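For reference, the chain that follows is the form deposited in one PDB entry, supplied as structure tokens.
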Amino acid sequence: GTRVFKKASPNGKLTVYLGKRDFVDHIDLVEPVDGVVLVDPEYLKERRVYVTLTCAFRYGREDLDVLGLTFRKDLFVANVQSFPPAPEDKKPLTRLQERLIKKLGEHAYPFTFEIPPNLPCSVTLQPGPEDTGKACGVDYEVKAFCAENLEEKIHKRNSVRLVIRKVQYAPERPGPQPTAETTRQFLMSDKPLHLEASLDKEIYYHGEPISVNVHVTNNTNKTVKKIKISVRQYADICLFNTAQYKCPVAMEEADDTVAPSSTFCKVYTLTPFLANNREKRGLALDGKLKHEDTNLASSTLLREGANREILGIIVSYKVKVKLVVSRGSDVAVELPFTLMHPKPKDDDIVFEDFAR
């Protein structure tokens, strides 16, 4: 069938319908935000119905939104007048908007938004109970409201707000293997311990295993007593309160040894996922911890020569490989990778509440 999310205003006069909650950014373009708003003329009359799409960065207690306490910076705002229509936007109606207007009445008006690709994806930094005031993130909001003009105050019984998400996808690049990272260290020795590691891919999706090929050429007389393989998330806050967070999101400690004067090679596999990091603090996520469709945040795509500050939060991931040498130092390398949201993958309509 065909699911349609909907949400009515408090007073029940205004209703918004959307074909989905998450819109995929394909780097070059973002899936269109195509919806419909069911209106009530007798109720409005002179009041027009507007629909606004806002991408904003927020900093402060997440439960609050009060001037003087919470910080907010709009990154993009688009408003359309859905009622009465007018070439506000040449409406090449989407099939869904067509079927929806059919399903609803003569009071169903379409609204459509095209989200610019250079904008940051939805992201939420969970700071921890002791630092709840350092919470922040990037959110997208669709707001339909009844008003005489975009100059006067919006009434909450007169409006409806839906928080949609923009999530990031990128296909795997058919080409060369990722470059290996290496390090050569002398451990009170004439010859070095050479550590080399590489990942099986450049791009991984949420839930996908990551295989790390570890190769050690131990030309010293010391012994590696154990190998620690981890995935680390780095999250830099770039607006309002500059800061950098780092958090392991997967870890595997292997009591594998590398004897003096020998070579060792092994593939380790780990999967980072939120499910095992719920208690972690200072972690970037792609939605609110409470929602079931939330994952670790995706890697921020930084296009060449882009203002990185207006992205709000920059998220990156590395795999770390560390050799613990026995005290008869430690040797480590880090490997960058890109974490993406998985690929998306005319039957009668079915409504469902938007509320996640």
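For clarity, a rigid core is taken as the largest C-alpha set superposing within 1.5 Å between two forms. Only residues modelled in both forms are compared. For every residue, the number given is its place in the sequence shown, counted from 1.
Not pictured, yet referred to below: the form deposited in another entry.
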For this session: Tell which of 211, 257, 182, 242, after superposing on the rigid core, has its C-alpha displaced by 2 Å or more between the shown form and the other one, please.
Result: 182
Seminar exercise, completed: in that other deposited form the CA atoms of residue 179 and residue 253, compared with here and shifted by at least 3 Å, lie closer
Exercise. What stretches, three or more residues long, have all their C-alphas moved by 2 Å or more between the shown form and the other one when the rigid core is held in place?
Worked result: 68-70, 174-188
